[PDB]
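Working notes for the structure below.
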Amino acid sequence: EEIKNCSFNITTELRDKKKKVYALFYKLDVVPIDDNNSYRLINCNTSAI
Amino acid sequence: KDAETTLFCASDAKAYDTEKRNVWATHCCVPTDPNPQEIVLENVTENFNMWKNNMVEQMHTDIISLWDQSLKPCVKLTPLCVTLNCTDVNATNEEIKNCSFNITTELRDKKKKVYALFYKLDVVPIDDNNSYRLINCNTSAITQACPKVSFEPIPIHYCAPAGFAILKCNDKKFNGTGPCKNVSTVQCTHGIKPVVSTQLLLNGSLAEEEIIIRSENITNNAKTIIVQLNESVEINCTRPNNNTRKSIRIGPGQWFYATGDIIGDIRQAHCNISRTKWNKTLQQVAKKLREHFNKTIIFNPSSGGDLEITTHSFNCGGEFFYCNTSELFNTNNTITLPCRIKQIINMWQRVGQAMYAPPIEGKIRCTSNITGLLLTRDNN
Amino acid sequence: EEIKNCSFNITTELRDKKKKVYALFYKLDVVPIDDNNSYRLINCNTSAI
Amino acid sequence: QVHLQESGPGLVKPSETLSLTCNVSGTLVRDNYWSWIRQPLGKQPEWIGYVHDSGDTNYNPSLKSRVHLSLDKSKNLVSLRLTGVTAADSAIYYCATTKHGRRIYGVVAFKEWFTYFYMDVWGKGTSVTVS
Amino acid sequence: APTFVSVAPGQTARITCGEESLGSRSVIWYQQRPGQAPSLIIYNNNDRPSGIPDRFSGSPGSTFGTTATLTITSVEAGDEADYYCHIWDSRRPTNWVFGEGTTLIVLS
Ligand SMILES: *[C@@H]1O[C@H](CO)[C@@H](O[C@@H]2O[C@H](CO)[C@@H](O[C@@H]3O[C@H](CO[C@H]4O[C@H](CO[C@H]5O[C@H](CO)[C@@H](O)[C@H](O)[C@@H]5O)[C@@H](O)[C@H](O[C@H]5O[C@H](CO)[C@@H](O)[C@H](O)[C@@H]5O)[C@@H]4O)[C@@H](O)[C@H](O[C@H]4O[C@H](CO)[C@@H](O)[C@H](O)[C@@H]4O[C@H]4O[C@H](CO)[C@@H](O)[C@H](O)[C@@H]4O[C@H]4O[C@H](CO)[C@@H](O)[C@H](O)[C@@H]4O)[C@@H]3O)[C@H](O)[C@H]2NC(C)=O)[C@H](O)[C@H]1NC(C)=O
Ligand SMILES: *[C@@H]1O[C@H](CO)[C@@H](O[C@@H]2O[C@H](CO)[C@@H](O[C@@H]3O[C@H](CO[C@H]4O[C@H](CO)[C@@H](O)[C@H](O[C@H]5O[C@H](CO[C@H]6O[C@H](CO)[C@@H](O)[C@H](O)[C@@H]6O)[C@@H](O)[C@H](O)[C@@H]5O)[C@@H]4O)[C@@H](O)[C@H](O[C@H]4O[C@H](CO)[C@@H](O)[C@H](O)[C@@H]4O[C@H]4O[C@H](CO)[C@@H](O)[C@H](O)[C@@H]4O)[C@@H]3O)[C@H](O)[C@H]2NC(C)=O)[C@H](O)[C@H]1NC(C)=O
Ligand SMILES: *[C@@H]1O[C@H](CO)[C@@H](O[C@@H]2O[C@H](CO)[C@@H](O[C@@H]3O[C@H](CO[C@H]4O[C@H](CO[C@H]5O[C@H](CO)[C@@H](O)[C@H](O)[C@@H]5O)[C@@H](O)[C@H](O)[C@@H]4O)[C@@H](O)[C@H](O[C@H]4O[C@H](CO)[C@@H](O)[C@H](O)[C@@H]4O[C@H]4O[C@H](CO)[C@@H](O)[C@H](O)[C@@H]4O)[C@@H]3O)[C@H](O)[C@H]2NC(C)=O)[C@H](O)[C@H]1NC(C)=O
Ligand SMILES: *[C@@H]1O[C@H](CO)[C@@H](O[C@@H]2O[C@H](CO)[C@@H](O[C@@H]3O[C@H](CO)[C@@H](O)[C@H](O)[C@@H]3O)[C@H](O)[C@H]2NC(C)=O)[C@H](O)[C@H]1NC(C)=O
Ligand SMILES: *[C@@H]1O[C@H](CO)[C@@H](O[C@@H]2O[C@H](CO)[C@@H](O[C@@H]3O[C@H](CO)[C@@H](O)[C@H](O)[C@@H]3O)[C@H](O)[C@H]2NC(C)=O)[C@H](O)[C@H]1NC(C)=O
Ligand SMILES: *[C@@H]1O[C@H](CO)[C@@H](O[C@@H]2O[C@H](CO)[C@@H](O)[C@H](O)[C@H]2NC(C)=O)[C@H](O)[C@H]1NC(C)=O
Ligand SMILES: *[C@@H]1O[C@H](CO)[C@@H](O[C@@H]2O[C@H](CO)[C@@H](O)[C@H](O)[C@H]2NC(C)=O)[C@H](O)[C@H]1NC(C)=O
Ligand SMILES: *[C@@H]1O[C@H](CO)[C@@H](O[C@@H]2O[C@H](CO)[C@@H](O)[C@H](O)[C@H]2NC(C)=O)[C@H](O)[C@H]1NC(C)=O
Ligand SMILES: *[C@@H]1O[C@H](CO)[C@@H](O[C@@H]2O[C@H](CO)[C@@H](O)[C@H](O)[C@H]2NC(C)=O)[C@H](O)[C@H]1NC(C)=O
Ligand SMILES: *[C@@H]1O[C@H](CO)[C@@H](O[C@@H]2O[C@H](CO)[C@@H](O)[C@H](O)[C@H]2NC(C)=O)[C@H](O)[C@H]1NC(C)=O
Ligand SMILES: *[C@@H]1O[C@H](CO)[C@@H](O[C@@H]2O[C@H](CO)[C@@H](O)[C@H](O)[C@H]2NC(C)=O)[C@H](O)[C@H]1NC(C)=O
Ligand SMILES: *[C@@H]1O[C@H](CO)[C@@H](O[C@@H]2O[C@H](CO)[C@@H](O)[C@H](O)[C@H]2NC(C)=O)[C@H](O)[C@H]1NC(C)=O
Ligand SMILES: *[C@@H]1O[C@H](CO)[C@@H](O[C@@H]2O[C@H](CO)[C@@H](O)[C@H](O)[C@H]2NC(C)=O)[C@H](O)[C@H]1NC(C)=O
Ligand SMILES: *[C@@H]1O[C@H](CO)[C@@H](O[C@@H]2O[C@H](CO)[C@@H](O)[C@H](O)[C@H]2NC(C)=O)[C@H](O)[C@H]1NC(C)=O
Ligand SMILES: *[C@@H]1O[C@H](CO)[C@@H](O)[C@H](O)[C@H]1NC(C)=O
Ligand SMILES: *[C@@H]1O[C@H](CO)[C@@H](O)[C@H](O)[C@H]1NC(C)=O
């Protein structure tokens, strides 16, 4: 319905390493990029959050 | 008694709106009195000294401050400090390069290949191969000028706070220092436009009777000799190319304005000075200088250093011009001076604080008045 | 004893390139990550320096 | 009216040198710029090069290495010499008088201009076939 | 090499030739009647030599993004020919090869 389960690749305290993490989001804050399951946070294409 | 205090901005011109964002419109400063009162002080003898004045230091300081305040909030271009891949534009059958970049898009995991044109003076080779960098990247940060800020000079009036007064000398032959026998007090100064220039002084006031030469120490060659003309000379400058603008996203609401494609012919920027007015003026400048030296006076071209000193550096229309003056300081035609243009600026010798001037679309036409000269000295 | 010789991968003025550099550190400023020769500066997992 | 009467071998073999001429009648060879043009059958014309008195000579960069043009001030002839002739060089060749002008687009002091050329008088031309 | 345009006698022709202008341009137009040596129609965009009727005119060299155009007013049977352009352009190498022309077919 309206809650999505998304994964990210994020920077850890040491810059050379990344970690895979999960978070849930409400549909209203997530925008599809592709026709595939590839989404972005709703305001990253306009400004800082 | 003589004093040093803080003067405030005032402006007679409230003609412009708050949407054009002129940098000198603080929009925190008062309108001037449209009918200011100048009061003649009879029987006074006030000693003036332009070389030891404090109004100059204050005006200078405030200009620097306003400049930085309007520049500070805009987009930084440090994300563009990447190796550039550049080839020449088809300046074929010179100075404009066509460069490609790999830049970060709004989503951090992706990069895009983009193009921009640059003036040679803003790009320096890294390798002997086509590997170039923007010139500021190995020294410091660069900030993009705000695309909506105007830098057109507005006459600014400097007014004293209560308890203080401004006196002015009305002696038509008065040089930089000495007692003035005709002194009036004013509520405040007239408006002085913050015009930026180097070798020539543009858009200022004129001397009323003759060319007046003012120098702190006329026998010290290291001092600047300021020559105020009693007649203006028109200078016509242009940027003949039809420029275009490309708006490139370099981050989340971070926009960069790149020089876009060139339309039509590729032509060189230039300034037009009538030869006859120039020579007449210089004959009179030497004539007046001779009163202090009793020697033959000649003028020569600038001798060296970077463009800010070697050329006539000025802003017009928001564009930055560096014009050659070798044909001036050296028939009945117009003297055409070739000019160079550059976008990476380091104002007031503050090396390490670079600014990027975004492109202006279309063509640029400037008309300015030469009102003075700045000379230095290097026998009979 | 207490002085370590560490190497780093450092970004140069042009963002696409990195260089290898060396610096010495006092043991008190460096904490092991691994049992291998993998260390970090002590503040990095807490805050800015 | 000048008449440019061209002449040549007509049929040549591969790898032979082709030498064409042009008998200029009514004007002198040193009076104008000369140029040669060729038109392969089924193709648009190709400008080979131009030759001139006072040293003003230039060539089509793709042909240059095999071609020399010349002006004979004694016999009032315009000529073309092409070495390394191949099948691709079969064409109708022409002798022509070239006139020119200049177009200014910017500041003359900065050389913001160029020369343009056109061919005013064309001869009948010759047919050159390479076996 | 040329393409074709069909014009009834008395109708006009629209002949185009070459690529778009990048900068100031100078177009030279030539007329090739089949079997004849070619000759000049126009030089410098609109200057014609004596003997050329003023029914032949063309595009200015002042525009950019446009292509060379020759317009023939009231085409006559004697105008059947292959029209070619030779293009000079301030931002391009000299063209040593004529452009691809147009055959003007008079439908008489
Ligand atoms: C600082 O000072 C400097 C100078 O010290 C300034 O520099 C000036 O910069 C400007 C650029 O803005 C230059 O302007 C261009 O000049 C050229 C050349 O003009 C001169 O030569 C022309 C031709 O000469 C004729 O006579 C000679 C005699 O020997 C002969 O040899 C030659 O073959 C030919 O027969 C003269 O006609 C012309 O005079 C005319 O124009 C004068 C302009 O001011 C005017 O004062 C005169 O009274 C007279 O009217 C002059 O002597 C111009 O050709 C060019 O204009 C064309 O090109 C521009 C390019 O963008 C285009 O926009 C124009 O529309 C125009 O294009 C038309 O004409 C072309 C001619 O070939 C044609 O090919 C085009 O297709 C087009 O044709 C149109 O009209 C025809 C008419 O039949 C029509 O059929 C077509 O369909 C179409 O409609 C510019 O005017 C200055 O020359 C330059 N100064 C100098 C000394 O170099 C600098 O700008 C100043 N800077 C500042 C900041 O102020
Ligand atoms: C982009 O491409 C263009 C095209 O190439 C380059 O621009 C132009 O290129 C031409 C050829 O490359 C250059 O021509 C050189 O000219 C020198 C002599 O001066 C001429 O050029 C000046 C330019 O201002 C003219 O003013 C001068 O013309 C005046 O006088 C003329 C005389 O005519 C009178 O008499 C006749 C006959 O009776 C009458 O019919 C006339 O009406 C008139 O009464 C007059 O016609 C003109 O109108 C005007 O008044 C001249 O035109 C030459 O000395 C050079 O020769 C050699 O050196 C150059 C160096 O590059 C070579 O390129 C050239 O091929 C020659 O080379 C030699 O060596 C080679 C080796 O292979 C041999 O093959 C050659 O045979 C030769 O031995 C040139 O001829 C032209 O000057 C140039 N344009 C400009 C404005 O400079 C352009 O440079 C290029 N861009 C770049 C960035 O490179
Ligand atoms: C020494 O003193 C001299 C003398 O004052 C200084 O010379 C002046 O310098 C001015 C700034 O460089 C220059 O002003 C520009 O002129 C351009 C061309 O002028 C023609 O068109 C105007 C049209 O005026 C009408 O429209 C404007 C639009 O705002 C109104 O403001 C006017 O009140 C009118 O309603 C005519 O009036 C002229 O006579 C000419 O025909 C203008 O295009 C330019 O306007 C654009 O830039 C402005 C910058 O602040 C901006 O405010 C304005 O809104 C325009 O920008 C918009 O439109 C462009 C269009 O592409 C767009 O790209 C922008 O993003 C934006 O949407 C200025 O008006 C004076 O003309 C010039 N004086 C002379 C005689 O040349 C000299 O600089 C000074 N020297 C030094 C060194 O300081
Ligand atoms: C303004 O334009 C003028 C020319 O229009 C510039 O003058 C030129 O400056 C160059 C500098 O490299 C001189 O080149 C040098 O000349 C000497 C001569 O002996 C030579 O030995 C060097 O190897 C080199 O070639 C050039 O000659 C000179 N031109 C003239 C006519 O003197 C001037 O520098 C420009 N000024 C500015 C501020 O841009
Ligand atoms: C360079 O200096 C000259 C000379 O001072 C300037 O010319 C002068 O410009 C002013 C602008 O206000 C003119 O004033 C006004 O002119 C109009 C004309 O209709 C008049 O109606 C007004 O009452 C008022 O007089 C002034 O007359 C004019 N002087 C001359 C002799 O024409 C020039 O504008 C200056 N250029 C720059 C770039 O500042
Ligand atoms: C960033 O996220 C992507 C997925 O969106 C990760 O890509 C997958 O990584 C696993 C790791 O083994 C591979 O098996 C998959 O085949 C990869 N997907 C594709 C399409 O190739 C990527 O590794 C993540 N990056 C980090 C640092 O975790
Ligand atoms: C001394 O300076 C005063 C200005 O402070 C001059 O007075 C002005 O003279 C002009 C002459 O046309 C008048 O238009 C102004 O209105 C006067 N201004 C004031 C404030 O009165 C005075 O003429 C000067 N005297 C000398 C000898 O130079
Ligand atoms: C960018 O760099 C490349 C090489 O690193 C330059 O050269 C091109 O390399 C590709 C490799 O496949 C060739 O296909 C192209 O034909 C090459 N170009 C040329 C002109 O030879 C390229 O020129 C550089 N310039 C820009 C602006 O991207
Ligand atoms: C960064 O720019 C470089 C070139 O300066 C790009 O390298 C080329 O990428 C193309 C992509 O297919 C390859 O075909 C070329 O062979 C690469 N050049 C070399 C020398 O290997 C690089 O891909 C760009 N990065 C991004 C993210 O666009
Ligand atoms: C980093 O910036 C410095 C300036 O602070 C550069 O030093 C000079 O740069 C100019 C630019 O043309 C050269 O002409 C000088 O020759 C340079 N100085 C010396 C001693 O060579 C320095 O080169 C810049 N670094 C890089 C890699 O370009
Ligand atoms: C304008 O400059 C002249 C000098 O050229 C000043 O004349 C004085 O000259 C003597 C010479 O011994 C110096 O000792 C004085 O100190 C000079 N005066 C001053 C004020 O320095 C002239 O006085 C200057 N202008 C004014 C307004 O007095
Ligand atoms: C700078 O531009 C101005 C504006 O066009 C020129 O002033 C014109 O000069 C001509 C010369 O006779 C006059 O006929 C026009 O009437 C003037 N126009 C105006 C609005 O006054 C000025 O001459 C140019 N300066 C240079 C050095 O070329
Ligand atoms: C970052 O540091 C690591 C080591 O901590 C570098 O990894 C080694 O790089 C060299 C370069 O030739 C390789 O020969 C080694 O095999 C690499 N080590 C391993 C375990 O594979 C890495 O290259 C550094 N990155 C940069 C940009 O210098
Ligand atoms: C991140 O910082 C915390 C402190 O805020 C570290 O916790 C202690 O670090 C000291 C350092 O010597 C250890 O001796 C303690 O034993 C640590 N606490 C515990 C409960 O073990 C934490 O270890 C740091 N993270 C990493 C990965 O080192
Ligand atoms: C000052 O300007 C006036 C204007 O008429 C002129 O007569 C006088 O000669 C000029 N003096 C100098 C030194 O330029
Ligand atoms: C400009 O400088 C050159 C240097 O050789 C000189 O020859 C020329 O005469 C000078 N021009 C003027 C106007 O003095």
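Where a number appears in this text, it was derived from the coordinates with a stated rule and is not lab data. All Cβ positions, even for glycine, are placed from backbone atoms using ideal geometry, and neighbour counts span all protein chains on display.
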Quiz item: With (1) surrounded by 15 or more Cβ atoms within 10 Å (Cβ to Cβ); (2) of a type in the set (A, V, I, L, M, F, W, C); (3) closer than 19 Å to B:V183 by Cβ as the list, and B:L71 as the residue in question, which single condition is left unmet?
Solution: (3)
Quiz item: If B:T45 passes every condition in (1) more than 21 Å from the chain's Cα centre (by Cα); (2) of a type in the set (S, T, Y); (3) closer than 30 Å to B:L7 by Cα; (4) surrounded by 12 or more Cβ atoms within 10 Å (Cβ to Cβ) but one, which one does it miss?
Solution: (4)
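From the residues in the range A:8-22 that are more than 14 Å from chain C (Cβ to nearest Cβ), farther than 12 Å from A:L41 by Cα and of a type outside the set (V, I, T), which one is farthest from ligand 10 (Cβ to nearest atom)?
If we filter the range A:8-22 for residues that are more than 14 Å from chain C (Cβ to nearest Cβ), which is where we start, we get A:8-10, A:18, A:20-22.
Right, trim to farther than 12 Å from A:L41 by Cα and you get A:9-10, A:18, A:20-22.
Pick out the ones that are also of a type outside the set (V, I, T) and you get A:9, A:18, A:20, A:22.
On the way: A:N9: 34, A:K18: 31, A:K20: 39, A:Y22: 44 Å.
Out of the qualifying residues, it is A:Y22.
Select the strands (runs of 3 or more DSSP E) contained entirely in the range E:1-66, then report the ones holding at least 2 residues which are under 25 Å from D:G101 (Cβ atoms) and away from chain D (no Cβ under 11 Å). Break it down stepwise before answering.
Numbers: elements: E:3-7, E:13-17, E:25-32, E:39-42, E:56-58.
In the range E:1-66, E:13-17, E:56-58 are the strands (runs of 3 or more DSSP E) which contain 2 or more residues that are under 25 Å from D:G101 (Cβ atoms) and away from chain D (no Cβ under 11 Å).
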Quiz item: Going by the conditions given, is E:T71 among the β-branched types (V, I, T) and more than 10 Å from chain D (Cβ to nearest Cβ)?
Solution: yes
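How many residues, within the range B:327-380, are of a type in the set (A, V, I, L, M, F, W, C), surrounded by 12 or more Cβ atoms within 10 Å (Cβ to Cβ) and more than 16 Å from ligand 3 (Cβ to nearest atom)?
Start the filter on the range B:327-380 by keeping residues that are of a type in the set (A, V, I, L, M, F, W, C), which leaves B:328-329, B:335, B:337, B:339, B:341, B:344-345, B:347-348, B:351, B:354-355, B:357, B:360, B:364, B:366, B:370, B:373-375.
Keeping just the survivors that are surrounded by 12 or more Cβ atoms within 10 Å (Cβ to Cβ) gives B:328-329, B:335, B:337, B:339, B:341, B:344-345, B:347-348, B:354-355, B:357, B:360, B:364, B:366, B:370, B:373-375.
Those still in the list that are more than 16 Å from ligand 3 (Cβ to nearest atom) too: B:328-329, B:335, B:344, B:348, B:354-355, B:375.
Of the residues in that region, 8 qualify.
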Exercise. Kindly state which strands (runs of 3 or more DSSP E) lie completely within the range B:233-282 and contain at least 1 residues that are of a type in the set (F, W, Y) and away from chain E (no Cβ under 14 Å).
Key: B:254-259
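In the list B:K148, B:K111, B:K172, which residue meets the criterion of being away from ligand 3 (no atom under 16 Å from the Cβ), under 28 Å from the mean Cα position of the chain (by Cα) and of a type in the set (K, R)? Steps first, answer last, please.
On the way: B:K148 fails: away from ligand 3 (no atom under 16 Å from the Cβ); B:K111 fails: under 28 Å from the mean Cα position of the chain (by Cα).
So the residue among B:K148, B:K111, B:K172 that is away from ligand 3 (no atom under 16 Å from the Cβ), under 28 Å from the mean Cα position of the chain (by Cα) and of a type in the set (K, R) is B:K172.
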Quiz item: Among the residues of the range D:88-116, which ones are within 8 Å of another protein chain (Cβ to nearest Cβ), aromatic (F, W, Y) and surrounded by fewer than 19 Cβ atoms within 10 Å (Cβ to Cβ)?
Solution: D:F110, D:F114
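Quick test for you: out of B:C316, B:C237, pick the one residue that is within 16 Å of ligand 3 (Cβ to nearest atom) and over 29 Å from E:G65 (Cα atoms).
Working: B:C237 fails: over 29 Å from E:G65 (Cα atoms).
On inspection, the qualifying residue turns out to be B:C316.
Those residues that are away from ligand 1 (no atom under 16 Å from the Cβ) and under 29 Å from B:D12 (Cα atoms), I need them from the range B:215-235; list them, please. Reasoning before the result, please.
The first filter runs over the range B:215-235 and keeps only residues away from ligand 1 (no atom under 16 Å from the Cβ), leaving B:215-232.
Answer for the range B:215-235, where residues must be away from ligand 1 (no atom under 16 Å from the Cβ) and under 29 Å from B:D12 (Cα atoms): B:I226, B:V227, B:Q228, B:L229, B:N230, B:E231, B:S232.
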